[PDB]
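quick check, what structure comes out for this input:
(one chain, ligands or ions: 1)
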Amino acid sequence: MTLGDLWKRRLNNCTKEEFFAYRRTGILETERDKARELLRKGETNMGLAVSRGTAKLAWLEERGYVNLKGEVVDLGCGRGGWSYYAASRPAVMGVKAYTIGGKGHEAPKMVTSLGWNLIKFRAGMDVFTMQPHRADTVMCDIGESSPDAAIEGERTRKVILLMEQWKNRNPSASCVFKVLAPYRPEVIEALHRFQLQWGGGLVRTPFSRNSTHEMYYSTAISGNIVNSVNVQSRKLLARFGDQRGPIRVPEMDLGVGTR
Ligand SMILES: Nc1ncnc2c1ncn2[C@@H]1O[C@H](CSCC[C@H](N)C(=O)O)[C@@H](O)[C@H]1O
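Numbers count the residues shown, from 1 in each chain. The coordinates are given below.
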């Protein structure tokens, strides 16, 4: 059993009030009150982020931890926060975005955020059985949270396998992907194999709630995986009991228009 496994157990042991206080303590949280209502009312002329994913990917890019360029694929795009972010980047030439949709899953949000015309959305697509194609940048933000850490580990393992499939098709592609449960043993093993062949490393974004152990893998960074994970597990365990609130920051606004 790992420190991350214990983090999951203590998280599940929280009351509802404890859970709500814990998940937000010390995290950056974008102010979405305006964006939420524009989406609710059916407004399409908006560059405010369609989800909390936009600021996460923007932080990775702005830190230089990811390179978004060329033909981008967004595997598991959901509402599209990463697809709209990539499409707004001048170095990006096109985005092909895929998501399963269906009951209890987000469909793409359709807005005029800058470069929307360069995104081709496909809902109803399972990326785990879809053949890879040419891409310069491969993005994947899949990993559905569960109270069962073993299920989270298996979900994470499937994402890593998918990224190996896309690297087999595109050995030179930049890759950025969510690792939902980095502490599970089959995940560490899979990340070690990925890093051995393709380089890269893990990083925690400051927008990630303490209720998820998610870390992002990118081929553009480095670092010992086991140490990266254990540092993060210890930090999450130490935050149980902190009552400080989140740090509220403005939401990303990418502007609107075609590219
Ligand atoms: N097998 C699969 N094939 C395609 N999409 C999947 C999938 N499994 C999960 N997904 C979808 O992947 C999405 C991951 S959440 C993605 C959030 C996005 N990066 C943003 O910024 O808004 C979810 O919407 C989920 O429905």
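
what does the chain put close to the ligand?
By Cβ under 6 Å from any ligand atom, the residues of the chain that approach the ligand are 51, 53-54, 76-82, 98-100, 105-106, 125-128, 141-142. No exception for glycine: its C-beta is placed from N, CA and C like everyone else's.

what residues sit buried inside the longest helix anywhere in the chain?
Ordering each helix of the chain by length in residues (DSSP state H) puts helix 149-169 first. Using 16 or more other Cβ atoms under 10 Å as the test for burial, helix 149-169 gives 149, 152-157, 159-160, 162-167.

what's around residue 91, how many residues?
12 (other Cβ atoms under 10 Å).

ok, it - contacts?
The contact partners of residue 91, taken as Cβ atoms under 8 Å, 6 or more residues apart in numbering, are 68-70.

do residue 147 as well
Residue 147 neighbours (Cβ under 8 Å, 6+ apart): 8, 12.

can you report phi and psi for it?
Residue 147 has phi and psi values of phi -60, psi -20 when expressed as degrees, to the nearest 10.

and it, how close does it get to the ligand?
Counting by Cβ to the nearest ligand atom, to the nearest Å, the separation of residue 147 from the ligand is 18 Å.

please shift the residue numbers so they start at 27 in all later answers.
Yep, numbering from 27; the last one is residue 173 now.

residue 258 against residue 242, yeah?
No - using Cβ atoms under 8 Å, residue 258 is not in contact with residue 242; the gap is 11.4 Å.

overlap of the contact sets of these two?
With contacts taken as Cβ under 8 Å, 6+ apart, the residues that reach both residue 258 and residue 242 are residue 230.
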